[PDB]
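As structure tokens, one chain now follows by itself in the form deposited in one PDB entry.
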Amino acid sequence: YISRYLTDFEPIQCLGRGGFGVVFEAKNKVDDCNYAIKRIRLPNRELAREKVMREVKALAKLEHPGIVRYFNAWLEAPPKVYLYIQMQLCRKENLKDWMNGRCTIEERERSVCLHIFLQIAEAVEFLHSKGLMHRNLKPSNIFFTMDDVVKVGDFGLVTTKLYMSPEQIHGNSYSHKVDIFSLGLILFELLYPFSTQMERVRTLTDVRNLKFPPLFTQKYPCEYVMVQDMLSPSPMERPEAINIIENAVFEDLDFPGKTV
């Protein structure tokens, strides 16, 4: 049996694993480029398989600066069926890692944080404009290109329900507004650095319930209002992504070192 993956690629390293998947870095022999390659073991559940095959077809249609870049997908059935998905390789340190390496207020300058958040919100607006939604938006699903461009995807590198909408936690029906709730918590977290995991969990739990640290509300009055709105218990009361992106806080963002 000839494996397409083993024939066409030189494996470099395992990047991680999660759910049905394992992710590798591998070099394509013909084009000489390194890619991230996710190998998904197709489940023994026909409805779960139906979803997987639908999801790959959907992702293949997507093209946006803030969405992971798609190259190829194929199936292998060695004498277990595997779905391989080949994407543009992102940096090893994701947004969660990035925030954990910037634990002081000086390392979370407002304009830098808003620049990163804007890119996330723009990726979400893109999905919503296509009648799609993310459903699992969180810092561990937000990576960077080699040039620090934000990339949103479903990475599945398991190393949480903290960013999940109340309606999803309760197993109720939902709409694209679930992504707005996630965005609210991410905006807060970008602006507010933590020194411990315990502090992070305690504070984000409070913020979910619209209880904010007083020093955040004072330093960032405009963003405080935005987060409040995005975290509305009622999905109807949360703003659309387009209205978030058009907010005055995102105008003329600049910082020393920003790409010209």
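Counting begins at 1, following the sequence as shown. Between two forms, the rigid core is the largest collection of C-alphas that superpose within 1.5 Å.
The form deposited in another entry is left out here; the points below concern that form.
Could you tell me whether the Cα atom of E63 shifts by at least 2 Å between this form and the one not shown after core superposition?
For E63, whose C-alpha is compared between this form and the one not shown after core superposition, the shift is less than 2 Å.
Is the shift of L215 between this form and the one not shown large enough to count as movement, that is, does its C-alpha move by 2 Å or more after the core is superposed?
No; that C-alpha moves by less than 2 Å between this form and the one not shown.
So with the core overlaid, does the Cα of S195 end up 2 Å or more away between this form and the one not shown?
-> Shift of 2 Å or more: no.
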